[PDB]
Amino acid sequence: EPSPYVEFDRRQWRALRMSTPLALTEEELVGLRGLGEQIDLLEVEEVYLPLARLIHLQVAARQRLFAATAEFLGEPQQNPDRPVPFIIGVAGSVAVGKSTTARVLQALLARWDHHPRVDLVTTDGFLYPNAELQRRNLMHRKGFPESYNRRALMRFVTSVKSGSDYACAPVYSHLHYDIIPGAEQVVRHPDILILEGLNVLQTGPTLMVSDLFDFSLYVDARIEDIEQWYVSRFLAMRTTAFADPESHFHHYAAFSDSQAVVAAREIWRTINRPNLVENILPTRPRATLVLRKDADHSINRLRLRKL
């Protein structure tokens, strides 16, 4: 059977690095990794460097495509000191490390010849604020598609990709468990916009951000592994984030290893797992590149969309 995909292992994949230079310290890599993420320079070299290359091959090529439409429309030539922004989506479960992957990718990409403006946005700030979620009865469905202002989100990316000079996104605080009053992220005609979130590859009766991506990643792992990473990160946060008296989950700091495992399993069981099964995992087939991770967080397989 022919297939739109081709599978790789890490051997096959690292060969595709070719000449691509590594522009990252261990000290710089440190500052990009999230709690519980195990990435080192080797993983960057073998996994993230081929990837960065592929994307650069595609930016050039995907531009020829918009130029072709603008030529058809008898339009101005388009100054190359502001092309049409390349949009990259990053998806996958809570606790799977989307965050680290997107920051690493941003950093690699910004160290290209152009020195291109590479911005990074998470869909967190497009959550409805708590008071609106309370209203909609969705305080226990944060992360589900309906807990987002999808329209506001779509307006943002559309705004950016259509060549606007600036666009604003709201800002989410994990510590305070809500949207931050008055806070804005300002994206100014970047060259590349990475958009990171659970459900960014969703599709629907209306045009959505997944329709605007020129390239997508889905970070994947076995569901039980991800649960383990999630529970595990929950116990760890008892001495990082939960330890803050301002933390909306400061009550959790005091929990025993065992009470905390019970709490975290319950959250997984009722929110994050159902969302992964029902909404996120069904988006995996569309992703340009799936990064498969083994129980130790290691990316050891990849699935590339050839078609």
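All residue numbers are counted from 1 along the displayed sequence. The term rigid core refers to the most C-alpha atoms you can superpose between the two forms while keeping them within 1.5 Å.
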Say the other structures are aligned on the rigid core; which stretch then has the higher CA RMS in 8 other deposited structures of this protein, 68-76 or 206-214? 68-76
Greatest C-alpha divergence in 8 other deposited structures of this protein once each structure is fitted on the rigid core, 8-16 or 292-300: 8-16
Average Cα temperature factor in the PDB entry - higher stretch of 5-13, 19-27: 19-27
If you take the mean CA temperature factor per stretch, which one wins between 247-255 and 270-278? 247-255
Which has the highest CA B-factor per the PDB entry: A102, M154, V121, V84? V84
Hey, out of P145, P80, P181, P129, whose CA B-factor is highest in the deposited coordinates? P80
Where does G204 sit by CA temperature factor within its chain: lowest, middle or highest third? middle
Among modelled residues of the same chain, the CA temperature factor third for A241: lowest
Rank-wise, by C-alpha B-factor, drop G89 into the lowest, middle or highest third of its chain. lowest
Taking the chain's C-alpha temperature factors as the reference, tell me which third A110 falls into: lowest, middle or highest. highest
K98's Cα B-factor: lowest, middle or highest third of the chain? lowest
